[PDB]
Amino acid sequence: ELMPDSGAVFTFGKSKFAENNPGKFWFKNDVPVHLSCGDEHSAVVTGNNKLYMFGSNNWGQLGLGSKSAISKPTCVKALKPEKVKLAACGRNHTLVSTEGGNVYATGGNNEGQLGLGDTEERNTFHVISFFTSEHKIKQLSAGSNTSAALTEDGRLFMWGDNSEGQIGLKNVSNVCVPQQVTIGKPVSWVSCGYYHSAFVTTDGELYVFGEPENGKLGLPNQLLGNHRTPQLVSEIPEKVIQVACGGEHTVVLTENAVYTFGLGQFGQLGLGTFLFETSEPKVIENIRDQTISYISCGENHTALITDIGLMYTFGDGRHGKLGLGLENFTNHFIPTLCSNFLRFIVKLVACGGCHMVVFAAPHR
């Protein structure tokens, strides 16, 4: 009835919820704790360790045992006996991690991204039996036919499509079970974009790999030949903390600044209305006065949450997916404050292909 003090989940764009108008929902005596969004679907993990799925399901990516789109966030009841902790949503698949030590996947599998040892699609969650309780999963990520799981002790495993080097496995075309992708240093963050990926090491270095097009690997030209192995982006001098990868762009959070690179024809690099591409990292000068605590990318837009719970978005405005709440949509070329959320603290965000999902709590 009344929106709880702990807040609500707001959906923007074509999320398949509330007929693609700005939607809102919450849970009875429970709260979201993790959001993820893929190209056309979304996952919410709750504080009581339940998983709720919604969006397109034409590949079985919701894990709900059919292939028809689902309008409403729907609990994956099959997983109720386990404590779901994380999910990631790729283009047509979903990964889930549980506290007991199991990782499961569902959806499209044409390049082996489910990690099940074959390439047959699934429409319910299947276990990836490589992972056990000795893999304490810190983060999951999933791009277009690609998957990643990062452990607390800093090991990174990736699987699915390597057709452009995007899981960092050199000349192998794809793998159907997890493989450790190591450059010999512990990893603290990973992001699978559509056709490229990146990770950040615990000592603050950024490595990028995958399709060497549109500037999005952020590397000087002489290194683009080696795009199938993770390579250091040395042009960022200070310690990197996060990375998020989109369709044709990458966004990087350092202690000092936010940097972007790749192609931003719709504004998603946030570098203004004259510069739409950069093959080397450039600082978003525009928000240098805010402390950014969290970065997120969809296929063609970008979201930033500040340390006080303000959110700024930029890039492709179609369907209202920028989360700005205007009735007339438009591309935005610099970070723009979601002033529709000024009476809230924004706590989590995930960005998808045509949509975005926000968890925000009212000031009162």
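Numbers follow the displayed sequence, beginning with 1.
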| item | value |
| --- | --- |
| Greater mean Cα temperature factor according to the PDB record, 214 to 222 or 126 to 134 | 126 to 134 |
| Comparing 342 to 350 with 13 to 21, the one whose average Cα B-factor in the PDB entry is higher | 13 to 21 |
| Given 286, 92, 265, 146, the residue at which the Cα B factor reaches its maximum | 286 |
| Out of 334, 297, 35, 64, residue topping the C-alpha B-factor column of the entry | 64 |
| Assigned third (lowest, middle, highest) for the C-alpha B factor of residue 253 | lowest |
| B-factor third for the C-alpha atom of residue 26 within its chain | highest |
| Entry-reported Cα temperature factor of residue 79, expressed as the chain third it lands in | highest |
| Among modelled residues of the same chain, the CA temperature factor third for residue 184 | highest |
| Ranked C-alpha temperature factor of residue 236 among modelled chain residues, by third | highest |
